[PDB]
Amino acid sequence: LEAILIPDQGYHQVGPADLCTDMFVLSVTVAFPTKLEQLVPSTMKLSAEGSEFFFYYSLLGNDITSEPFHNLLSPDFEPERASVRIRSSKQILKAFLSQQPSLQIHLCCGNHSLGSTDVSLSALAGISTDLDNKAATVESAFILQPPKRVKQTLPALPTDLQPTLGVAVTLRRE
């Protein structure tokens, strides 16, 4: 199963076009970054202003970049939503989402990743038990991790203040 973009119609076909004809909307919201400064080592001194950061992920092969921000201590980040339209059948779409790799969201500087988190799209498929009547949403604050630590250190506990990003993934009929 693959999501084929129909450029003139602005949706992605999942399944046979003559059998799978229902319209769905898959939305990703990113919001409320916290403690992003902890993704940068304390021995790396950034100048007060002049840096530009943003968030990136890929949604069904579509590149999604947030508005830029310049202060890791206070991103002042307005919540941002991206949505893709999908023409499929309820059962085919769930199977497709169950086979997808995790949604990977990066804190970026240029083309460098300062940290990333994974959001399970197969978990969204599992809770999509009532799409005829209610949209299904996977939502939480997800922990951001830097790309490469040199040595193993004592892991942070889930109760600890770590870099996090609010991520909500919602699936519904159109």
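From 1 onward, residues are counted along the sequence shown.
Here the stretch with the larger average CA B-factor, out of 97-105 and 77-85, is 97-105. Averaged over Cα atoms, the B-factor as recorded in the entry is higher for 4-12 than for the other of 163-171 and 4-12. In this entry, the residue among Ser58, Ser42, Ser27, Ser66 with the greatest C-alpha B factor is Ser42. In the deposited coordinates, the residue among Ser140, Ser122, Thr117, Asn62 with the greatest CA B-factor is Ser122. In the PDB entry, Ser113 places in the lowest third of its chain by CA B-factor. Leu131 sits in the highest third of its chain by CA B factor, as recorded in the PDB entry. In the deposited entry, the Cα temperature factor of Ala48 places it in the highest third of its chain's modelled residues.
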